[PDB]
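The data below hold one chain only, encoded as structure tokens and taken in the form deposited in one PDB entry.
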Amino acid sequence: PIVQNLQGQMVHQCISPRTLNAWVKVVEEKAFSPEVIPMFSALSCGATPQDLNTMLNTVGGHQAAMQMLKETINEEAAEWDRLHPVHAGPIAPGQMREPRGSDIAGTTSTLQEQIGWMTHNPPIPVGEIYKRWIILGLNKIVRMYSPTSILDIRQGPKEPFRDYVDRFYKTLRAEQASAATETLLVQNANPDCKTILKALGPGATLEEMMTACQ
């Protein structure tokens, strides 16, 4: 990653073994549960495109997801190239070239070039641009890996309301990855709780609803 040293300057630092392992293990433990995306984003704080590729290349399995991710990255990179076409020809000696999409993804750029862009004045934040594309792709994967539509999360006749609400927002977390939808919560409650929730009224907070269905 690129971070600040004790002195105040922006310098490259190796990715730490702790970071590497934490990322591999969260995917081993949780696959593409929604909380894997904020974990990715935090563990890639300050990352270069090289570091982002390292993180993704160390995922064990899930290679269909990783190919979908590559396809998303290539779509965003094409849009980048359409918005920011690069000068064709040899670049001036010693000077910074403009990054294309495959440079942002770390495929056609060197680490030194990535550092140059990310620390230039003004900077071209190629790590953050690439991370945005990766997170867009990972949100698609989350939604796809979600096993159940929110329309089908419905409270069982013996199911505690809190357990139902947990299932509902766990599912909505994934489904929304990539408003009124939350009104399904009352619609999909069981008859005893729905009767209580309807008499409660429509301005009730979730806390009020959960207390009333205790």
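Numbering starts at 1 and follows the sequence shown. We call the rigid core whatever largest set of C-alpha positions still superposes within 1.5 Å between the two forms.
Across the other PDB entries of this protein whose models span the neighbouring residues, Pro85 is modelled without exception, so it is unmodelled in far fewer than a third.
A chain break between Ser178 and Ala179 is present, corresponding to 4 to 9 residues of the deposited sequence without coordinates. With 120-128 and 82-90 compared on mean CA B-factor from the PDB entry, the stretch scoring higher is 82-90. Looking at mean Cα B-factors across 194-202 and 11-19, the upper value is held by 194-202. The PDB entry assigns its highest CA temperature factor, among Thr148, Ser33, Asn53, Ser41, to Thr148. Of all the options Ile135, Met144, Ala77, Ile115, the entry's greatest CA B-factor is assigned to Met144. Placement of the Cα temperature factor of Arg162 within the chain: middle third of the modelled residues, per the deposited record. Ranked by C-alpha B-factor against the other modelled residues of its chain, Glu71 falls in the lowest third. Sort the modelled residues of the chain by CA B factor and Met96 lands in the highest third. When the CA B factors of the chain's modelled residues are split into thirds, the value for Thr48 lands in the lowest one.
For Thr183, the recorded CA temperature factor ranks within the highest third of the chain's modelled residues.
We do not show the form deposited in another entry, though everything after this point is about it.
For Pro122, a C-alpha deviation below 2 angstroms is recorded between this form and the one not shown after rigid-core alignment. In this overlay on the rigid core, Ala78 has a C-alpha that sits less than 2 Å away from its partner position between this form and the one not shown.
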